[PDB]
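Asker: Take a look at the following structure, please.
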Amino acid sequence: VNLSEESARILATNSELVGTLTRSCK
Amino acid sequence: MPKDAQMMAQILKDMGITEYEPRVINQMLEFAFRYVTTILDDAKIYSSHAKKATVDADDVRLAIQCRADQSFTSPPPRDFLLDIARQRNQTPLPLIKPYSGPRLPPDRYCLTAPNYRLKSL
Amino acid sequence: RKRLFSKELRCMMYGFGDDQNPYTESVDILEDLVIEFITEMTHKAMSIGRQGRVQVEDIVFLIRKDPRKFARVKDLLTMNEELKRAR
Amino acid sequence: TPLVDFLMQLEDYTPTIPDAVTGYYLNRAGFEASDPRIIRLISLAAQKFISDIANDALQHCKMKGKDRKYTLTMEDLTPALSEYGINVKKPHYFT
Amino acid sequence: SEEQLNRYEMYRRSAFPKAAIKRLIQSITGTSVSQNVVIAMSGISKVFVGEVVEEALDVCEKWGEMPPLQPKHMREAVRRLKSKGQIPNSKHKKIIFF
Amino acid sequence: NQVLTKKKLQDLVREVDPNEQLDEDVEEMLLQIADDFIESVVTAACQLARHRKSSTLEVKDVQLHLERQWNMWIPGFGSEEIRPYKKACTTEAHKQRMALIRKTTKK
């Protein structure tokens, strides 16, 4: 049960720090 | 002798080839097997690209024509060699200097160069 | 096709020095490259070794020439065996 | 200079292909090799290519599993040549 | 520093999800793969992304541009990698003898 | 109606080595090579499009000509999911003729 909930916490912080605004380019 | 090696000697006899090595017929059957299994290679790529089930004759007809440019490219045609020549054949021949010793192109087109080598230390 | 690697690849480009906020078009190019690489490796693996089956052994023969990728595969497999032993 | 450093390392390795064999195939290619180290480098490159093709063939043979004597059959050499630019296609069963 | 520790965190913790690549490979094979295949195939593709981005930042440092990566540095990244044989294409029957 | 304009070509040389010039002959020949490449790719793609019994040139058949002949994969466009790869449709006639090469060889 410890392995199941802690696996998604390595990826949840990978959606709060990196990629805040979405850019584009000509 | 299979029926396609008995027919490969007929093709060379129909040309001006009366005396050939016996290894030639084993070579002209490996070329004829590599060619049809390269056309049918490309004819299966084109059948799946048009998303059909089998390999129809219009796939093999395209696979023949779409590899007559890279696998068997041709010497240039007669209508192109005439136009390249008849603009080259219109500039006059230049005159010759009287005493120029060895007559050669400029030094970046000849093979005269200091031609170094490594010090065998 | 949708993008199955849009948020994951932005963390990875930051991991190799790009930015915290890369461009969407660059992320798209990287996603297309990853899908093409996986597809090519899978076809060669199906051809080599057991026909119609992709195995770790086939993948290892395919990646043998490139040093960086071969080292990573070996390290991951060994670490996986060690973690199973610890469990 | 990487090539010079490699030639210094070669100052010990002797290639399987002799210098008269390599020095003849450079003569058909267009030059008489004066320095006998250039012949050595070309021979070593050729030896590496043949060794890599043969080793890839041996790896396919070992993978099919028979483990006593490995025969260099065409079934192991023909997929091993296609990784380089050699595409053989041999026929069977001439009708 | 304080950015190098955040960048080293993303260099290690980031991965492609195993629940999607196992869906992606099995759409190519037809039947089934194993867990030790998906573990390796998710790991090689992280090296391959790190082969491009570490080399697309060499294209950007060679030219006169900054860290944001335009697609100009990414098509040039695949061009330089393919000329060194790093990007495999199994649909181009190459020929070395001519 | 020209597609390359000798300033985009000059920046293509400046991105490789900025202290390098081309001569007039080299520039003209490079423009000619670009035009020839465009013409060949377009004709082959159009033949594949005519084969799909369609009248629109999609990006799926400019892909198949550059990959198979010119060894070019242009990344940032994306395709549909590739169907499960059929490996060997070896026919019964090959399964019975090749089972005669071994029958004479060992027996």
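Nothing in this text is a laboratory measurement; each read-out follows from the coordinates by a stated rule. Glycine also receives a Cβ, built like all others from the backbone with ideal geometry; neighbour counts cover every protein chain displayed.
Asker: What FRET efficiency comes out for D:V4 versus B:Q10 if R0 is 41 angstrom and r is the Cβ-Cβ distance? Round to the nearest 0.05.
Answerer: According to the calculation, E is roughly 0.10.
Asker: What are the semi-axes of the equivalent ellipsoid of chain E, taken as the square roots of 5 times the eigenvalues of the Cα gyration tensor, listed largest first and rounded to whole Å?
Answerer: The equivalent ellipsoid of chain E has semi-axes of 28, 25, 10 Å.
Asker: What whole-number volume per residue, in cubic angstrom, does the convex hull of the C-alpha atoms of the stretch D:44-87 give?
Answerer: Here the figure is 71 Å³ per residue.
Asker: Which value at 222 nm does chain F reach when only helices count, each DSSP H run of 4 or more adding -39,500 (n - 2.57), with the total divided by all residues and rounded to the nearest 500 deg cm²/dmol?
Answerer: After summing the helix terms and dividing by the residues of chain F, the value is -17000 deg cm²/dmol.
Asker: On to the next question. Note the angle between two axes, namely the Cα long axis of helix B:23-49 and the longest principal axis of the Cα atoms of chain B, as a number of degrees from 0 to 90, rounded to the nearest 10.
Answerer: Helix B:23-49 and the main axis of chain B meet at about 70 degrees.
Asker: For chain C, return all DSSP H helices satisfying: extent of Cα atoms along own axis at least 30 Å; mean Kyte-Doolittle hydropathy at least 0.0.
Answerer: The qualifying helices are C:24-47.
Asker: Among B:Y109, D:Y13, what is the fewest-to-most ranking by other Cβ atoms within 10 Å?
Answerer: B:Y109, D:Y13
Asker: Taking the Cα centroid of the stretch F:50-96 and of the stretch D:1-67, what is the distance between the two, rounded to the nearest whole Å?
Answerer: Going from one Cα centre to the other spans 38 Å.
Asker: In the Gaussian network model of chain B, springs joining C-alpha atoms below 10 Å, which of B:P22, B:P98, B:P77 carries the largest mean-square fluctuation?
Answerer: Highest fluctuation among the options: B:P98.
Asker: How much net charge surrounds B:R108 when only the other residues with a Cβ under 14 Å from the Cβ of B:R108 are counted, with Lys and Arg +1 and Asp and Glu -1?
Answerer: -3
Asker: Rounded to a whole number of µm²/s, how large is the Stokes-Einstein D of chain D at 20 °C and 1.002 mPa s, given Rh as the Kirkwood radius over C-alpha pairs?
Answerer: It comes out at roughly 133 µm²/s.
Asker: Continuing with the same structure: Based solely on C-alpha atoms, express the radius of gyration and the Dmax of the stretch C:6-49 in angstrom.
Answerer: 13.5, 42
Asker: Just to be sure I understand the curve: with the Debye formula and one point per C-alpha of chain B, what is log10 I(q)/I(0) at q = 0.11, 0.17, 0.22 Å⁻¹?
Answerer: -0.81, -1.03, -1.26
Asker: Could you compute how fast the protein assembly as shown diffuses translationally, taking Rh as the Kirkwood radius over C-alpha pairs and applying Stokes-Einstein at 37 °C with viscosity 0.692 mPa s? Give it in µm² per second.
Answerer: 114 µm²/s
Asker: Okay, moving on. Would you work out the Kirkwood radius for the stretch B:71-114? I mean one over the mean of 1/r across all pairs of different Cα atoms, in Å.
Answerer: Averaging 1/r across every pair of different Cα atoms and inverting gives 14.7 Å.
Asker: Given the -39500 (n - 2.57) contribution per DSSP H run of 4+ residues, what per-residue ellipticity at 222 nm results for chain B, rounded to the nearest 500 deg cm²/dmol?
Answerer: Theoretical 222 nm ellipticity from helices: -14500 deg cm²/dmol.
Asker: Could you please rank F:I74, D:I38, placing first whichever residue has the fewest other Cβ atoms within 10 Å of its Cβ?
Answerer: Ranking F:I74, D:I38 by Cβ neighbours within 10 Å, fewest first, gives F:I74, D:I38.
Asker: If all Cα-Cα distances of the stretch F:5-107 are sorted into 10 Å bins from 0 onward, what percent lands in each bin, rounded to whole numbers?
Answerer: Result returned by the calculation: 11, 23, 23, 18, 13, 8, 5, 0.
Asker: Using only C-alpha positions, report the orientation-averaged shadow area of the convex hull of the stretch F:24-83, nm², one decimal.
Answerer: So the mean shadow area of the Cα hull is 5.4 nm².
Asker: Only Cα pairs under 8 Å and at least 6 apart count here; give the relative contact order of chain C as a rounded whole percent.
Answerer: 16 percent
Asker: As a footprinting exposure proxy, order F:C89, E:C60 by other Cβ within 10 Å, with the fewest listed first.
Answerer: Ordered by Cβ neighbours within 10 Å, fewest first: F:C89, E:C60.
Asker: Output the 0 to 90 degree angle, nearest 10, between the alpha-carbon long axis of helix F:24-51 and the longest principal axis computed from the alpha carbons of chain F.
Answerer: 40 degrees
Asker: Take chain E, connect every pair of alpha-carbon atoms lying under 10 Å apart with a spring to form a Gaussian network, then pick out the residue of E:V37, E:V52, E:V78 with the largest mean-square fluctuation.
Answerer: Maximum among the listed residues: E:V37.
Asker: Then there is this: Which pairs in the list E:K72/F:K8; E:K18/E:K46; C:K65/F:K86; D:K64/E:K91 are over 18 Å apart, alpha-carbon to alpha-carbon?
Answerer: Table pairs above 18 Å Cα-Cα are C:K65/F:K86; D:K64/E:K91.
Asker: When N counts the residues of chain C, how does its alpha-carbon radius of gyration compare numerically with 2.2 N^0.38 Å, as a ratio?
Answerer: Compactness ratio reported: 1.34.
Asker: Sticking with this one: For chain D, what does the helix formula give at 222 nm: sum of -39500 (n - 2.57) over DSSP H segments with n ≥ 4, over the residue count, nearest 500 deg cm²/dmol?
Answerer: Roughly -16500 deg cm²/dmol at 222 nm, from the helical runs in chain D.
Asker: Here is a follow-up. Helix B:78-88 versus the longest principal axis of chain B: what angle, 0 to 90°, nearest 10, using Cα atoms?
Answerer: 10 degrees
Asker: What is the set of long-range amide H partners of A:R23 at a cut-off below 5 Å, with H atoms built 1.01 Å from backbone N?
Answerer: C:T24
Asker: Give the separation of the Cα centroids, the stretch C:24-66 to chain A, in Å.
Answerer: One Cα centre to the other: 26 Å.
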